[PDB]
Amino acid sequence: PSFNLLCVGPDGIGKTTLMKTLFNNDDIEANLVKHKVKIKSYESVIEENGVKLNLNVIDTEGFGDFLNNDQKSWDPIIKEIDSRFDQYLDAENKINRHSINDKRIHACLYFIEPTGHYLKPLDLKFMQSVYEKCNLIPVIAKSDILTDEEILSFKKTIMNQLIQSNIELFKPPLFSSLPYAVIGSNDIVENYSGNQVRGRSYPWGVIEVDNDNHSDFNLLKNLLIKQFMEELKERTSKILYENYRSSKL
């Protein structure tokens, strides 16, 4: 029961908070296994769908925080993806394969800053170099600051950019509401009816994580965990990994 998730976004964008929020467990970053971006790999055991879930969250430190964010800066991201393909390919070729540690990355969440305008050249360059190796899932981070109209206009601009760069998002065999406008909070707050809920409290209101009227969080949760986790792993295995191995020979 393994699952490997990649989180690419600038520091402070909300990657850690969304991981704790999705899997409802604060120990996502309790176990760190060991100008360039650093790669941080976290291994946690999650009680999701009754069974133990061997979740592996791969995180980035310092993405987009150099004066020059060219490919050499964020190349450790791709080197790690290709390496997890390489490890599986070698272990798959051995006589005794039976409990392969499948470290292949099954989904790549790309965190978009809630600018409300457009994707930056760095956003397009990285996603242009990841969509053929991972299941790419773009999200609008901290989307609570955006009005209802800004989210629609922002999504429309973002999709036209990905389409014009021939960037291929993950399509559930949900796809139209991409990129997902998500919020993150595994913390309990009290709303204007006095009820204990997850979310964030402000002078101007209380936003609720598990509220479909406030975000797309449940859409991302369904896509990642509760509905389409199997097809995410399938596309990695049957297509993304096979295309990598073929062009390697």
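Numbers for residues come from their place in the sequence shown, where the first is 1.
Unmodelled stretch of the deposited sequence separating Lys34 from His35, binned as none, 1 to 3, 4 to 9 or 10 or more: Missing residues, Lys34 to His35: 10 or more.
Length class of the unmodelled deposited segment, which would lie between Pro121 and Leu122: Per the deposited record, the segment joining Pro121 and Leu122 has no missing residues.
Mean C-alpha temperature factor, higher of 45-53 and 191-199: Higher mean C-alpha B-factor in the PDB entry: 45-53.
Of 22-30 and 177-185, the one with larger mean CA B-factor: Result of the comparison: 22-30.
Highest recorded Cα temperature factor - choice among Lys142, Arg104, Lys171, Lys155: Across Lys142, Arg104, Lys171, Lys155, the entry lists the biggest C-alpha B-factor for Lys171.
Candidate set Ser99, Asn93, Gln161, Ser83 [ranked by C-alpha B-factor, highest]: Answer for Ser99, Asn93, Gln161, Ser83: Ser99, with the highest C-alpha B-factor.
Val8 - Cα temperature factor, lowest/middle/highest third of chain: According to the entry, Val8 has a C-alpha B-factor in the chain's lowest third.
Where the record places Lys226 (Cα B-factor, split into thirds across the chain): Highest third - that is where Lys226 ends up once the chain's C-alpha B-factors are sorted.
Record-listed C-alpha B factor of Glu61: chain third: Middle third, going by the recorded CA B-factors of the chain.
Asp212, C-alpha B-factor rank within chain (lowest, middle or highest third): Its C-alpha B-factor belongs to the highest third of this chain's values.
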